[PDB]
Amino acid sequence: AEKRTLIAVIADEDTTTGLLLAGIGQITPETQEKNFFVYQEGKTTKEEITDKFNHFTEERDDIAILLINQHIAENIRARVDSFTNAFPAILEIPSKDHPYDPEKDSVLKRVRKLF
C-alpha cells in the first residue's frame, strides 16, 4: 500500500490531455518510462493494450489507481474481469462517442453481485 502513490492512465487523446493537466503524469528519469498511454481507436492493437494493462497492474508496484476508458477496457474485458486485487483500484470512465454502460463495468458487476 505505502509504495502506491501514482494514478496511471490508459485512455484516448482528450481524456489523457485533461488528466495530465491536473498534474497526475510522471516520467521515471532513469528508465524514461511513463504512467500514461494514449489510445487511438483505429490504430491501437488489443495486444498492445493488454501489455500496458498488465504493466500498470502487475509489473509496477507504485500505481494506486488506474483510470481507463470503458470502451478500451471493453476490448479486453476478459483480462479486466479476471483482475480482482484491490490495488491498483480500477476505474472505467466514459469517453466521447461511447456513453457509459453500467453493466459492462467489471468492478460495478462484482459489487452488484452480493449487494
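Counting begins at 1, following the sequence as shown.
Comparing 62 to 70 with 42 to 50, the higher mean C-alpha B-factor in the PDB entry belongs to 42 to 50.
Stretches compared: 14 to 22, 89 to 97. Higher mean C-alpha B-factor in the entry: 89 to 97. Ranked by Cα temperature factor within the chain, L114 sits in the highest third according to the deposited record. The deposited CA B-factor of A1 belongs to the highest third of values across its chain.
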